[PDB]
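Structure data follow from protein-v1.cif (mmCIF, N, CA and C atoms and all ligand atoms):
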data_work
#
loop_
_atom_site.label_atom_id
_atom_site.label_comp_id
_atom_site.auth_asym_id
_atom_site.auth_seq_id
_atom_site.Cartn_x
_atom_site.Cartn_y
_atom_site.Cartn_z
N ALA A 1 -14.98 -12.61 -8.82
CA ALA A 1 -14.50 -11.34 -9.46
C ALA A 1 -13.62 -10.62 -8.42
N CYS A 2 -12.62 -9.88 -8.91
CA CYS A 2 -11.68 -9.13 -8.02
C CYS A 2 -12.08 -7.69 -7.98
N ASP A 3 -11.99 -7.09 -6.78
CA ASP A 3 -12.33 -5.67 -6.73
C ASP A 3 -11.06 -4.92 -7.21
N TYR A 4 -9.92 -5.53 -7.05
CA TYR A 4 -8.64 -4.91 -7.49
C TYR A 4 -7.78 -6.04 -8.02
N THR A 5 -7.21 -5.79 -9.18
CA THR A 5 -6.31 -6.82 -9.79
C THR A 5 -4.86 -6.23 -9.89
N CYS A 6 -3.90 -6.86 -9.26
CA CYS A 6 -2.55 -6.29 -9.33
C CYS A 6 -1.74 -7.32 -10.14
N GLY A 7 -1.67 -7.15 -11.50
CA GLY A 7 -0.89 -8.25 -12.20
C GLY A 7 -1.76 -9.51 -12.19
N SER A 8 -1.24 -10.54 -11.56
CA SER A 8 -2.08 -11.75 -11.54
C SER A 8 -2.81 -11.88 -10.16
N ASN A 9 -2.59 -11.01 -9.24
CA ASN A 9 -3.18 -11.06 -7.86
C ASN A 9 -4.58 -10.43 -7.80
N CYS A 10 -5.49 -11.13 -7.12
CA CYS A 10 -6.94 -10.66 -6.99
C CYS A 10 -7.22 -10.32 -5.51
N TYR A 11 -7.79 -9.11 -5.39
CA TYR A 11 -8.08 -8.73 -4.02
C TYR A 11 -9.58 -8.31 -3.93
N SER A 12 -10.07 -8.78 -2.74
CA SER A 12 -11.46 -8.27 -2.54
C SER A 12 -11.33 -6.99 -1.70
N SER A 13 -12.47 -6.23 -1.62
CA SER A 13 -12.50 -5.04 -0.77
C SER A 13 -12.21 -5.43 0.66
N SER A 14 -12.61 -6.65 1.15
CA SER A 14 -12.23 -7.00 2.54
C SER A 14 -10.74 -7.11 2.78
N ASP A 15 -10.07 -7.71 1.75
CA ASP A 15 -8.55 -7.87 1.84
C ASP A 15 -7.93 -6.44 1.92
N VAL A 16 -8.45 -5.50 1.22
CA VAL A 16 -7.89 -4.08 1.23
C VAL A 16 -8.08 -3.45 2.61
N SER A 17 -9.37 -3.55 3.04
CA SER A 17 -9.71 -3.02 4.38
C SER A 17 -8.94 -3.63 5.47
N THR A 18 -8.64 -4.94 5.48
CA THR A 18 -7.90 -5.60 6.53
C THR A 18 -6.43 -5.09 6.51
N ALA A 19 -5.84 -5.04 5.32
CA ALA A 19 -4.40 -4.54 5.22
C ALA A 19 -4.36 -3.06 5.59
N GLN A 20 -5.29 -2.26 5.20
CA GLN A 20 -5.25 -0.84 5.57
C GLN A 20 -5.34 -0.66 7.10
N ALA A 21 -6.26 -1.46 7.67
CA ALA A 21 -6.39 -1.32 9.14
C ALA A 21 -5.10 -1.57 9.88
N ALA A 22 -4.36 -2.61 9.52
CA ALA A 22 -3.12 -3.03 10.13
C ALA A 22 -2.04 -1.98 9.94
N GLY A 23 -1.97 -1.55 8.65
CA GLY A 23 -0.93 -0.55 8.40
C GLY A 23 -1.20 0.74 9.14
N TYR A 24 -2.42 1.23 9.19
CA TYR A 24 -2.77 2.50 9.89
C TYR A 24 -2.45 2.36 11.40
N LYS A 25 -2.69 1.19 11.92
CA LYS A 25 -2.41 1.05 13.35
C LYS A 25 -0.92 1.20 13.65
N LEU A 26 -0.09 0.58 12.78
CA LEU A 26 1.39 0.76 13.02
C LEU A 26 1.71 2.23 12.87
N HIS A 27 1.18 2.96 11.94
CA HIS A 27 1.44 4.42 11.71
C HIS A 27 1.12 5.17 13.02
N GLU A 28 -0.06 4.85 13.55
CA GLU A 28 -0.43 5.55 14.84
C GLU A 28 0.51 5.28 15.98
N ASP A 29 1.06 4.06 16.08
CA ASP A 29 2.03 3.55 17.08
C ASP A 29 3.48 4.01 16.82
N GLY A 30 3.69 4.57 15.61
CA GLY A 30 5.09 5.04 15.32
C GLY A 30 5.92 3.77 15.15
N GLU A 31 5.36 2.74 14.60
CA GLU A 31 6.14 1.52 14.45
C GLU A 31 6.14 1.00 12.95
N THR A 32 7.13 0.16 12.76
CA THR A 32 7.28 -0.43 11.40
C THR A 32 7.74 -1.85 11.55
N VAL A 33 7.60 -2.51 10.41
CA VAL A 33 7.98 -3.93 10.34
C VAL A 33 8.70 -4.29 8.99
N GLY A 34 9.58 -5.26 9.10
CA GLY A 34 10.20 -5.56 7.75
C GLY A 34 11.53 -4.82 7.57
N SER A 35 12.34 -5.49 6.71
CA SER A 35 13.71 -4.89 6.43
C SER A 35 13.55 -3.52 5.84
N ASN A 36 12.48 -3.26 5.05
CA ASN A 36 12.16 -2.02 4.39
C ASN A 36 11.26 -0.99 5.15
N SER A 37 11.05 -1.30 6.40
CA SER A 37 10.31 -0.45 7.31
C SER A 37 9.00 0.07 6.84
N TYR A 38 8.00 -0.87 6.79
CA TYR A 38 6.63 -0.53 6.42
C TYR A 38 5.74 -0.36 7.71
N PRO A 39 4.81 0.56 7.65
CA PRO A 39 4.45 1.49 6.57
C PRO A 39 5.47 2.63 6.43
N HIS A 40 5.61 3.19 5.18
CA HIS A 40 6.55 4.32 5.03
C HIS A 40 5.82 5.28 4.11
N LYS A 41 6.28 6.52 4.05
CA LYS A 41 5.64 7.54 3.19
C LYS A 41 5.59 7.19 1.70
N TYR A 42 4.60 7.62 0.98
CA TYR A 42 4.56 7.30 -0.45
C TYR A 42 4.53 8.70 -1.12
N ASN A 43 5.39 8.87 -2.15
CA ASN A 43 5.37 10.18 -2.89
C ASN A 43 4.75 9.89 -4.22
N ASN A 44 3.76 10.66 -4.60
CA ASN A 44 3.06 10.31 -5.85
C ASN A 44 3.66 10.95 -7.10
N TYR A 45 4.91 10.61 -7.29
CA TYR A 45 5.59 11.23 -8.51
C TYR A 45 5.00 10.70 -9.78
N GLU A 46 4.31 9.55 -9.72
CA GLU A 46 3.69 9.13 -11.02
C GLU A 46 2.40 9.81 -11.35
N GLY A 47 1.91 10.65 -10.42
CA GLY A 47 0.70 11.43 -10.65
C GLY A 47 -0.63 10.67 -10.69
N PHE A 48 -0.73 9.59 -9.89
CA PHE A 48 -2.05 8.86 -9.89
C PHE A 48 -3.13 9.79 -9.40
N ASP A 49 -4.34 9.59 -9.95
CA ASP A 49 -5.42 10.48 -9.52
C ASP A 49 -6.02 9.94 -8.19
N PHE A 50 -5.45 10.39 -7.10
CA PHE A 50 -5.99 9.91 -5.80
C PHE A 50 -6.92 11.08 -5.43
N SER A 51 -8.10 10.71 -5.00
CA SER A 51 -9.07 11.77 -4.65
C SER A 51 -9.03 12.17 -3.16
N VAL A 52 -8.08 11.70 -2.42
CA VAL A 52 -7.89 12.01 -1.00
C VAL A 52 -6.58 12.72 -0.90
N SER A 53 -6.33 13.60 0.04
CA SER A 53 -5.07 14.32 0.15
C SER A 53 -3.91 13.63 0.86
N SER A 54 -2.71 14.07 0.55
CA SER A 54 -1.57 13.48 1.19
C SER A 54 -1.43 14.17 2.58
N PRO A 55 -0.44 13.83 3.34
CA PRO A 55 0.55 12.82 3.09
C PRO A 55 -0.05 11.41 2.83
N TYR A 56 0.70 10.59 2.10
CA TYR A 56 0.28 9.23 1.78
C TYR A 56 1.32 8.33 2.39
N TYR A 57 0.88 7.09 2.68
CA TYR A 57 1.70 6.06 3.28
C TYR A 57 1.45 4.72 2.55
N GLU A 58 2.45 3.88 2.42
CA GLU A 58 2.17 2.62 1.72
C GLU A 58 2.42 1.47 2.64
N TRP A 59 1.69 0.37 2.46
CA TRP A 59 1.78 -0.90 3.31
C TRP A 59 1.55 -2.14 2.40
N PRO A 60 2.36 -3.15 2.54
CA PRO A 60 2.15 -4.27 1.65
C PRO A 60 0.78 -4.93 1.91
N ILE A 61 0.22 -5.37 0.81
CA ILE A 61 -1.01 -6.16 0.75
C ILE A 61 -0.45 -7.50 0.17
N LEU A 62 -0.71 -8.71 0.75
CA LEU A 62 -0.22 -10.02 0.35
C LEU A 62 -1.19 -10.86 -0.44
N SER A 63 -0.76 -11.49 -1.53
CA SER A 63 -1.80 -12.25 -2.28
C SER A 63 -2.46 -13.37 -1.45
N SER A 64 -1.71 -13.81 -0.48
CA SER A 64 -2.18 -14.91 0.41
C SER A 64 -3.36 -14.49 1.30
N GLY A 65 -3.61 -13.23 1.56
CA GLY A 65 -4.74 -12.86 2.44
C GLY A 65 -4.23 -12.67 3.86
N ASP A 66 -2.96 -13.00 4.14
CA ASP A 66 -2.34 -12.80 5.43
C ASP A 66 -1.92 -11.34 5.63
N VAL A 67 -1.87 -10.87 6.87
CA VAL A 67 -1.45 -9.47 7.10
C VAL A 67 0.07 -9.59 7.12
N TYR A 68 0.71 -8.60 6.45
CA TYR A 68 2.17 -8.53 6.35
C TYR A 68 2.71 -8.37 7.79
N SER A 69 3.70 -9.20 8.08
CA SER A 69 4.42 -9.27 9.33
C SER A 69 5.94 -9.27 9.20
N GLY A 70 6.54 -8.91 8.10
CA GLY A 70 8.08 -8.90 8.06
C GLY A 70 8.35 -9.89 6.92
N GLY A 71 9.58 -10.06 6.51
CA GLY A 71 9.62 -11.08 5.40
C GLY A 71 9.35 -10.36 4.06
N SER A 72 9.28 -11.18 3.01
CA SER A 72 9.09 -10.54 1.70
C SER A 72 7.83 -9.79 1.55
N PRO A 73 7.78 -8.53 1.15
CA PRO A 73 6.58 -7.78 1.01
C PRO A 73 5.87 -8.01 -0.32
N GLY A 74 6.49 -8.73 -1.25
CA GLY A 74 5.81 -8.89 -2.50
C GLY A 74 5.81 -7.50 -3.25
N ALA A 75 5.00 -7.42 -4.24
CA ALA A 75 4.96 -6.19 -5.05
C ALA A 75 3.83 -5.28 -4.93
N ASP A 76 2.80 -5.71 -4.15
CA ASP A 76 1.55 -4.91 -4.04
C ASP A 76 1.42 -4.04 -2.81
N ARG A 77 0.74 -2.92 -2.99
CA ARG A 77 0.65 -2.02 -1.82
C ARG A 77 -0.74 -1.33 -1.74
N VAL A 78 -1.10 -1.03 -0.47
CA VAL A 78 -2.32 -0.24 -0.22
C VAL A 78 -1.69 1.15 0.15
N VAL A 79 -2.36 2.18 -0.30
CA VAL A 79 -1.89 3.53 0.00
C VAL A 79 -3.01 4.18 0.84
N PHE A 80 -2.54 4.71 1.96
CA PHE A 80 -3.66 5.41 2.73
C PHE A 80 -3.09 6.77 3.13
N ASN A 81 -3.93 7.69 3.60
CA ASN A 81 -3.42 9.02 4.03
C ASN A 81 -3.42 9.17 5.61
N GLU A 82 -3.08 10.41 5.96
CA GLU A 82 -3.01 10.68 7.38
C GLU A 82 -4.35 10.51 8.10
N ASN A 83 -5.51 10.61 7.52
CA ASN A 83 -6.82 10.48 8.08
C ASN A 83 -7.41 9.07 7.90
N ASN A 84 -6.48 8.14 7.63
CA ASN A 84 -6.89 6.75 7.46
C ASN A 84 -7.92 6.58 6.34
N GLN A 85 -7.82 7.27 5.21
CA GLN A 85 -8.69 7.17 4.05
C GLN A 85 -7.86 6.40 2.97
N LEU A 86 -8.54 5.53 2.29
CA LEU A 86 -7.90 4.72 1.26
C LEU A 86 -7.61 5.62 0.03
N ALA A 87 -6.35 5.62 -0.45
CA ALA A 87 -6.04 6.42 -1.66
C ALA A 87 -6.05 5.44 -2.87
N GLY A 88 -5.51 4.25 -2.68
CA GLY A 88 -5.62 3.35 -3.94
C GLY A 88 -4.79 2.11 -3.61
N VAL A 89 -4.70 1.21 -4.59
CA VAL A 89 -3.97 -0.06 -4.55
C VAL A 89 -3.01 -0.03 -5.80
N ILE A 90 -1.72 -0.09 -5.47
CA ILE A 90 -0.78 0.01 -6.64
C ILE A 90 0.12 -1.17 -6.53
N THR A 91 0.95 -1.33 -7.60
CA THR A 91 1.89 -2.43 -7.59
C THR A 91 3.21 -2.19 -8.42
N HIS A 92 4.22 -2.85 -7.99
CA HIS A 92 5.49 -2.74 -8.76
C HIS A 92 5.40 -3.67 -9.98
N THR A 93 4.49 -4.62 -9.96
CA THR A 93 4.33 -5.59 -11.09
C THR A 93 4.01 -4.84 -12.37
N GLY A 94 4.86 -5.21 -13.41
CA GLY A 94 4.64 -4.53 -14.73
C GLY A 94 5.17 -3.11 -14.74
N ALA A 95 5.96 -2.59 -13.84
CA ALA A 95 6.52 -1.28 -13.77
C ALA A 95 8.05 -1.54 -13.67
N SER A 96 8.77 -0.61 -14.31
CA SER A 96 10.24 -0.82 -14.28
C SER A 96 10.80 -0.50 -12.89
N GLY A 97 11.79 -1.30 -12.59
CA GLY A 97 12.44 -1.07 -11.28
C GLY A 97 11.47 -1.03 -10.06
N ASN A 98 11.67 0.05 -9.34
CA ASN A 98 10.88 0.27 -8.11
C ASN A 98 9.75 1.23 -8.38
N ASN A 99 9.35 1.47 -9.61
CA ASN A 99 8.24 2.35 -9.94
C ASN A 99 6.88 1.51 -9.72
N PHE A 100 5.82 2.27 -9.98
CA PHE A 100 4.51 1.52 -9.80
C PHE A 100 3.56 1.77 -10.88
N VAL A 101 2.50 0.97 -10.99
CA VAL A 101 1.36 1.18 -11.87
C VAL A 101 0.14 0.94 -10.90
N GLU A 102 -1.00 1.41 -11.33
CA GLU A 102 -2.14 1.14 -10.41
C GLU A 102 -2.78 -0.22 -10.71
N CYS A 103 -3.39 -0.79 -9.65
CA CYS A 103 -4.16 -2.07 -9.84
C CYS A 103 -5.47 -1.66 -10.49
N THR A 104 -6.02 -2.62 -11.22
CA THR A 104 -7.27 -2.28 -11.91
C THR A 104 -8.49 -2.99 -11.40
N1 LIG B 1 8.60 -6.64 -5.05
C1 LIG B 1 9.19 -5.57 -5.35
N2 LIG B 1 9.36 -5.13 -6.65
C2 LIG B 1 9.96 -3.92 -6.94
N3 LIG B 1 10.43 -2.99 -6.06
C3 LIG B 1 10.42 -3.51 -4.79
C4 LIG B 1 9.75 -4.66 -4.41
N4 LIG B 1 9.89 -4.86 -3.05
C5 LIG B 1 10.38 -3.72 -2.61
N5 LIG B 1 10.62 -2.79 -3.61
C6 LIG B 1 11.35 -1.51 -3.55
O1 LIG B 1 12.72 -1.83 -3.23
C7 LIG B 1 13.33 -0.56 -2.78
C8 LIG B 1 14.39 -0.79 -1.73
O2 LIG B 1 13.89 -1.76 -0.77
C9 LIG B 1 12.22 0.43 -2.27
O3 LIG B 1 12.04 1.54 -3.17
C10 LIG B 1 11.03 -0.56 -2.42
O4 LIG B 1 9.85 0.16 -2.70
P1 LIG B 1 8.46 0.21 -1.81
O5 LIG B 1 8.96 0.01 -0.47
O6 LIG B 1 7.85 1.45 -2.24
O7 LIG B 1 7.86 -1.11 -2.24
CA CA B 2 -8.45 -12.61 -0.47
#

So that I can check it, write out the structure of this file as structure tokens.
Amino acid sequence: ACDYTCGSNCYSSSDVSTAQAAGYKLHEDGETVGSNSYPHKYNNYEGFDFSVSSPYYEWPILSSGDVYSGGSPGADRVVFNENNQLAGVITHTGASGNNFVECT
């Protein structure tokens, strides 16, 4: 069973925790990776009900289980805040353009 389903991708809570840890560390270091410079700020214009406060930041989560290191980020993301609290798992899959929907 998947703790989060993004389209056809299944993630366990460990896969979320591992990607969040990596992304938070780059945030603390003032560093980014990838042509699109992740982690970067996330603005919640779609109004997802995140129960943690912003600012929010997004970091790719990979279906492969590997930590994102540059290269294609795929469509899935972990969102965390300034206090390293998990806000949610969203994806561009099934959303028009560069918009998002939440993973279920
Ligand atoms: N797999 C993907 N599907 C849809 N949008 C993509 C995507 N990969 C990157 N993006 C979006 O492409 C745009 C320009 O790179 C950014 O808004 C970026 O959003 P993100 O960084 O929030 O994912
Ligand atoms: Ca996994």

Show me the residues close to (-12.3, -6.5, -8.6) - anything with an atom within 9 Å, counting only C-alpha atoms - and format the list as a VMD selection string. chain A and resid 1 to 5 10 to 13 104

Contact residues around region 21-26 of chain A with all atoms listed in the file at 7 Å, ignoring same-chain residues under 2 positions, as a short mmCIF file (atom, residue, chain, number, x, y, z; two decimals) with N, CA and C atoms, in the coordinates of the input:
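That gives us result23.cif:
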data_model
loop_
_atom_site.label_atom_id
_atom_site.label_comp_id
_atom_site.auth_asym_id
_atom_site.auth_seq_id
_atom_site.Cartn_x
_atom_site.Cartn_y
_atom_site.Cartn_z
N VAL A 16 -8.45 -5.50 1.22
CA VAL A 16 -7.89 -4.08 1.23
C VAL A 16 -8.08 -3.45 2.61
N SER A 17 -9.37 -3.55 3.04
CA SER A 17 -9.71 -3.02 4.38
C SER A 17 -8.94 -3.63 5.47
N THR A 18 -8.64 -4.94 5.48
CA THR A 18 -7.90 -5.60 6.53
C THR A 18 -6.43 -5.09 6.51
N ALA A 19 -5.84 -5.04 5.32
CA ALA A 19 -4.40 -4.54 5.22
C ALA A 19 -4.36 -3.06 5.59
N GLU A 28 -0.06 4.85 13.55
CA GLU A 28 -0.43 5.55 14.84
C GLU A 28 0.51 5.28 15.98
N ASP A 29 1.06 4.06 16.08
CA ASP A 29 2.03 3.55 17.08
C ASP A 29 3.48 4.01 16.82
N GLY A 30 3.69 4.57 15.61
CA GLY A 30 5.09 5.04 15.32
C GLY A 30 5.92 3.77 15.15
N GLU A 31 5.36 2.74 14.60
CA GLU A 31 6.14 1.52 14.45
C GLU A 31 6.14 1.00 12.95
N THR A 32 7.13 0.16 12.76
CA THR A 32 7.28 -0.43 11.40
C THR A 32 7.74 -1.85 11.55
N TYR A 38 8.00 -0.87 6.79
CA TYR A 38 6.63 -0.53 6.42
C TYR A 38 5.74 -0.36 7.71
N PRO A 39 4.81 0.56 7.65
CA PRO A 39 4.45 1.49 6.57
C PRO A 39 5.47 2.63 6.43
N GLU A 58 2.45 3.88 2.42
CA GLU A 58 2.17 2.62 1.72
C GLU A 58 2.42 1.47 2.64
N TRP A 59 1.69 0.37 2.46
CA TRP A 59 1.78 -0.90 3.31
C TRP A 59 1.55 -2.14 2.40
N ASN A 84 -6.48 8.14 7.63
CA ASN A 84 -6.89 6.75 7.46
C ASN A 84 -7.92 6.58 6.34
#

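Among all protein and nucleic acid residues, the ones that lie within 6.5 Å of ligand LIG 1 (chain B) when counting only N, CA and C atoms and all ligand atoms are residues 36, 73, 74, 75, 76, 92, 93, 97, 98 and 99 of chain A.
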
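Picture a line from CA of residue 14 (chain A) to CA of residue 96 (chain A); it runs 28.7 Å.
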
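Minimum atom-to-atom distances from A:71, A:27, A:65, A:87 to ligand CA 2 (chain B) were compared using all atoms listed in the file, and the lowest value belongs to A:65.
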
In terms of only C-alpha atoms and all ligand atoms, the residue from A:44, A:9, A:20, A:83 at minimal distance from ligand CA 2 (chain B) is A:9

Where is the centre and how long are the edges: axis-aligned box on region 61-73 of chain A, 5 Å on each side, Å to one decimal, as lines of an AutoDock Vina configuration file:
center_x = 2.4
center_y = -10.1
center_z = 3.5
size_x = 24.4
size_y = 19.5
size_z = 21.6

One decimal place gives the atom C of residue 63 (chain A)-atom C of residue 101 (chain A) separation as 17.3 Å

Correct to one decimal, the distance CA of residue 94 (chain A)-atom C of residue 82 (chain A) is 28.8 Å

Practice item. May I have all residues of chain A that DSSP, computed from the backbone, assigns to alpha helix (DSSP H), given as an MDAnalysis selection string? Key: chainID A and resid 13:29

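Distances to ligand CA 2 (chain B) were evaluated for A:77, A:62, A:70, A:100 using all atoms listed in the file, and the minimum falls at A:62.
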
For ligand CA 2 (chain B), the closest of A:80, A:103, A:15, A:37 counting all atoms listed in the file is A:15

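Shortest separation to ligand CA 2 (chain B) among A:46, A:88, A:95, A:64 occurs at residue A:64, atoms counted being all atoms listed in the file.
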
Add whatever atoms are absent from region 31-56 of chain A to reach N, CA, C and O atoms, and provide the output as a PDB file, keeping the file's coordinate frame.
ATOM      1  N   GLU A  31       5.360   2.740  14.600  1.00  0.00           N
ATOM      2  CA  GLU A  31       6.140   1.520  14.450  1.00  0.00           C
ATOM      3  C   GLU A  31       6.140   1.000  12.950  1.00  0.00           C
ATOM      4  O   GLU A  31       5.308   1.396  12.238  1.00  0.00           O
ATOM      5  N   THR A  32       7.130   0.160  12.760  1.00  0.00           N
ATOM      6  CA  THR A  32       7.280  -0.430  11.400  1.00  0.00           C
ATOM      7  C   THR A  32       7.740  -1.850  11.550  1.00  0.00           C
ATOM      8  O   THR A  32       8.242  -2.279  12.575  1.00  0.00           O
ATOM      9  N   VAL A  33       7.600  -2.510  10.410  1.00  0.00           N
ATOM     10  CA  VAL A  33       7.980  -3.930  10.340  1.00  0.00           C
ATOM     11  C   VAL A  33       8.700  -4.290   8.990  1.00  0.00           C
ATOM     12  O   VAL A  33       8.300  -3.644   8.066  1.00  0.00           O
ATOM     13  N   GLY A  34       9.580  -5.260   9.100  1.00  0.00           N
ATOM     14  CA  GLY A  34      10.200  -5.560   7.750  1.00  0.00           C
ATOM     15  C   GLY A  34      11.530  -4.820   7.570  1.00  0.00           C
ATOM     16  O   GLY A  34      11.856  -3.735   8.091  1.00  0.00           O
ATOM     17  N   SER A  35      12.340  -5.490   6.710  1.00  0.00           N
ATOM     18  CA  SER A  35      13.710  -4.890   6.430  1.00  0.00           C
ATOM     19  C   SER A  35      13.550  -3.520   5.840  1.00  0.00           C
ATOM     20  O   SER A  35      14.432  -2.679   6.100  1.00  0.00           O
ATOM     21  N   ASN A  36      12.480  -3.260   5.050  1.00  0.00           N
ATOM     22  CA  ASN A  36      12.160  -2.020   4.390  1.00  0.00           C
ATOM     23  C   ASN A  36      11.260  -0.990   5.150  1.00  0.00           C
ATOM     24  O   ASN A  36      10.808   0.040   4.636  1.00  0.00           O
ATOM     25  N   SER A  37      11.050  -1.300   6.400  1.00  0.00           N
ATOM     26  CA  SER A  37      10.310  -0.450   7.310  1.00  0.00           C
ATOM     27  C   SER A  37       9.000   0.070   6.840  1.00  0.00           C
ATOM     28  O   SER A  37       8.742   1.243   6.552  1.00  0.00           O
ATOM     29  N   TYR A  38       8.000  -0.870   6.790  1.00  0.00           N
ATOM     30  CA  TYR A  38       6.630  -0.530   6.420  1.00  0.00           C
ATOM     31  C   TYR A  38       5.740  -0.360   7.710  1.00  0.00           C
ATOM     32  O   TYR A  38       5.934  -1.049   8.719  1.00  0.00           O
ATOM     33  N   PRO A  39       4.810   0.560   7.650  1.00  0.00           N
ATOM     34  CA  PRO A  39       4.450   1.490   6.570  1.00  0.00           C
ATOM     35  C   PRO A  39       5.470   2.630   6.430  1.00  0.00           C
ATOM     36  O   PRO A  39       6.120   2.976   7.417  1.00  0.00           O
ATOM     37  N   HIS A  40       5.610   3.190   5.180  1.00  0.00           N
ATOM     38  CA  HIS A  40       6.550   4.320   5.030  1.00  0.00           C
ATOM     39  C   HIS A  40       5.820   5.280   4.110  1.00  0.00           C
ATOM     40  O   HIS A  40       4.864   4.948   3.393  1.00  0.00           O
ATOM     41  N   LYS A  41       6.280   6.520   4.050  1.00  0.00           N
ATOM     42  CA  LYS A  41       5.640   7.540   3.190  1.00  0.00           C
ATOM     43  C   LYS A  41       5.590   7.190   1.700  1.00  0.00           C
ATOM     44  O   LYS A  41       6.547   6.475   1.287  1.00  0.00           O
ATOM     45  N   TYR A  42       4.600   7.620   0.980  1.00  0.00           N
ATOM     46  CA  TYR A  42       4.560   7.300  -0.450  1.00  0.00           C
ATOM     47  C   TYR A  42       4.530   8.700  -1.120  1.00  0.00           C
ATOM     48  O   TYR A  42       3.651   9.476  -0.700  1.00  0.00           O
ATOM     49  N   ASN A  43       5.390   8.870  -2.150  1.00  0.00           N
ATOM     50  CA  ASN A  43       5.370  10.180  -2.890  1.00  0.00           C
ATOM     51  C   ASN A  43       4.750   9.890  -4.220  1.00  0.00           C
ATOM     52  O   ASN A  43       5.204   8.918  -4.917  1.00  0.00           O
ATOM     53  N   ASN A  44       3.760  10.660  -4.600  1.00  0.00           N
ATOM     54  CA  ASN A  44       3.060  10.310  -5.850  1.00  0.00           C
ATOM     55  C   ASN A  44       3.660  10.950  -7.100  1.00  0.00           C
ATOM     56  O   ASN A  44       2.983  11.718  -7.806  1.00  0.00           O
ATOM     57  N   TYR A  45       4.910  10.610  -7.290  1.00  0.00           N
ATOM     58  CA  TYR A  45       5.590  11.230  -8.510  1.00  0.00           C
ATOM     59  C   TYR A  45       5.000  10.700  -9.780  1.00  0.00           C
ATOM     60  O   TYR A  45       5.165  11.354 -10.823  1.00  0.00           O
ATOM     61  N   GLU A  46       4.310   9.550  -9.720  1.00  0.00           N
ATOM     62  CA  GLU A  46       3.690   9.130 -11.020  1.00  0.00           C
ATOM     63  C   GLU A  46       2.400   9.810 -11.350  1.00  0.00           C
ATOM     64  O   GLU A  46       1.753   9.717 -12.413  1.00  0.00           O
ATOM     65  N   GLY A  47       1.910  10.650 -10.420  1.00  0.00           N
ATOM     66  CA  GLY A  47       0.700  11.430 -10.650  1.00  0.00           C
ATOM     67  C   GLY A  47      -0.630  10.670 -10.690  1.00  0.00           C
ATOM     68  O   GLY A  47      -1.488  11.127 -11.416  1.00  0.00           O
ATOM     69  N   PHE A  48      -0.730   9.590  -9.890  1.00  0.00           N
ATOM     70  CA  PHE A  48      -2.050   8.860  -9.890  1.00  0.00           C
ATOM     71  C   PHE A  48      -3.130   9.790  -9.400  1.00  0.00           C
ATOM     72  O   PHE A  48      -2.796  10.599  -8.562  1.00  0.00           O
ATOM     73  N   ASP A  49      -4.340   9.590  -9.950  1.00  0.00           N
ATOM     74  CA  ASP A  49      -5.420  10.480  -9.520  1.00  0.00           C
ATOM     75  C   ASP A  49      -6.020   9.940  -8.190  1.00  0.00           C
ATOM     76  O   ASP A  49      -6.943   9.104  -8.249  1.00  0.00           O
ATOM     77  N   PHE A  50      -5.450  10.390  -7.100  1.00  0.00           N
ATOM     78  CA  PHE A  50      -5.990   9.910  -5.800  1.00  0.00           C
ATOM     79  C   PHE A  50      -6.920  11.080  -5.430  1.00  0.00           C
ATOM     80  O   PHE A  50      -6.493  12.254  -5.551  1.00  0.00           O
ATOM     81  N   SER A  51      -8.100  10.710  -5.000  1.00  0.00           N
ATOM     82  CA  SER A  51      -9.070  11.770  -4.650  1.00  0.00           C
ATOM     83  C   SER A  51      -9.030  12.170  -3.160  1.00  0.00           C
ATOM     84  O   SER A  51      -9.921  12.946  -2.808  1.00  0.00           O
ATOM     85  N   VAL A  52      -8.080  11.700  -2.420  1.00  0.00           N
ATOM     86  CA  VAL A  52      -7.890  12.010  -1.000  1.00  0.00           C
ATOM     87  C   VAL A  52      -6.580  12.720  -0.900  1.00  0.00           C
ATOM     88  O   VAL A  52      -5.700  12.376  -1.760  1.00  0.00           O
ATOM     89  N   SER A  53      -6.330  13.600   0.040  1.00  0.00           N
ATOM     90  CA  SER A  53      -5.070  14.320   0.150  1.00  0.00           C
ATOM     91  C   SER A  53      -3.910  13.630   0.860  1.00  0.00           C
ATOM     92  O   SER A  53      -4.233  12.739   1.678  1.00  0.00           O
ATOM     93  N   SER A  54      -2.710  14.070   0.550  1.00  0.00           N
ATOM     94  CA  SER A  54      -1.570  13.480   1.190  1.00  0.00           C
ATOM     95  C   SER A  54      -1.430  14.170   2.580  1.00  0.00           C
ATOM     96  O   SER A  54      -2.218  15.051   2.937  1.00  0.00           O
ATOM     97  N   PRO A  55      -0.440  13.830   3.340  1.00  0.00           N
ATOM     98  CA  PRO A  55       0.550  12.820   3.090  1.00  0.00           C
ATOM     99  C   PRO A  55      -0.050  11.410   2.830  1.00  0.00           C
ATOM    100  O   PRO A  55      -1.132  11.106   3.356  1.00  0.00           O
ATOM    101  N   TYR A  56       0.700  10.590   2.100  1.00  0.00           N
ATOM    102  CA  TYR A  56       0.280   9.230   1.780  1.00  0.00           C
ATOM    103  C   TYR A  56       1.320   8.330   2.390  1.00  0.00           C
ATOM    104  O   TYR A  56       2.543   8.630   2.623  1.00  0.00           O
TER     105      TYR A  56
END
